[PDB]
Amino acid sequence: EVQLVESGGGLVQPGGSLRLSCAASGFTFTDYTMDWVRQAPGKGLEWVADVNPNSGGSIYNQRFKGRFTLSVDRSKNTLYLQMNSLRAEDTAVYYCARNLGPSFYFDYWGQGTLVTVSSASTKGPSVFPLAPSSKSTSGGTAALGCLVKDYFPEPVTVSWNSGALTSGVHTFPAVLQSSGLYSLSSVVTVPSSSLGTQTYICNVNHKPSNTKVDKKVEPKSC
């Protein structure tokens, strides 16, 4: 199978530096050229640069010349995007993509890696229970969840019962509060008959702050 895995994204201050990596596999790495395409939050797509893993020659998009440098290790099937003098406008998800034909359309893209350029400090989230009660019960269905509040930067991952519970789960897109910190809720609907019989724990992981929290959500009187 074909796969492109990016890594290296994260938080960096304006004028800071970062190196993104793209590990390729499942095809003759040197038979194609590789590119980076980015997408700023809620915006469109913007081509960044292309590099030929055989000659090391690279083509860049105008405004990135001077602060972005492409390189490749033809011994690990990896591509690198070195970034310096980062600007707030560089905040985006950077995708690695394979360029098959001579033309510039990409047939395979990695999942991307998030780069956040901000002077704000990293902060782990508080995790509060969204306790189920008669107020969150509708017949045979009851809702419960966890509020993941005041963290930075994105993203946080939330699972239920260590991934054992997936159906009925809704982890909402984070919202940026006035304080400059993110907040989101993850909820799950379950049959009412399972409330007092099943244990519900939300597992929150905020890699940027290297924080992992588990929170048991128990029914309450309300």
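A residue's number is simply how far along the shown sequence it sits, counting from 1.
When the Cα temperature factors in the entry are averaged, is it 93 to 101 or 125 to 133 that ends up higher? Comparing 125 to 133 with 93 to 101, the higher mean C-alpha B-factor belongs to 93 to 101.
Discussion item. Mean CA temperature factor from the deposited coordinates, higher in 163 to 171 or in 192 to 200?
Written reply: Between 192 to 200 and 163 to 171, it is 192 to 200.
Largest Cα B-factor, entry values, listed residues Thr113, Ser118, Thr141, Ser71:
Of the options given, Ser71 has the highest CA B-factor in the PDB entry.
Quiz item: Among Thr157, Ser183, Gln62, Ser186, which residue carries the highest C-alpha B-factor recorded in the PDB entry?
Solution: Among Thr157, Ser183, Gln62, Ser186, the highest C-alpha B-factor in the entry belongs to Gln62.
Assigned third (lowest, middle, highest) for the C-alpha B factor of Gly66 = It belongs to the middle third of the chain when residues are ordered by C-alpha B-factor.
Third of chain Cα B-factors occupied by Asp50 | Answer is middle: the recorded C-alpha B-factor places it there.
Query - B-factor third for the C-alpha atom of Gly26 within its chain - result: It belongs to the highest third of the chain when residues are ordered by C-alpha B-factor.
Item to complete: Please place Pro41 in the lowest, middle or highest third of its chain by C-alpha B factor as given in the entry.
Response: For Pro41, the deposited C-alpha B-factor lands in the highest third.
Next item on the list: Looking at the entry's B-factor column for C-alpha atoms only, identify whether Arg87 ranks in the lowest, middle or highest third of its chain.
Entry: Middle third - that is where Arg87 ends up once the chain's C-alpha B-factors are sorted.
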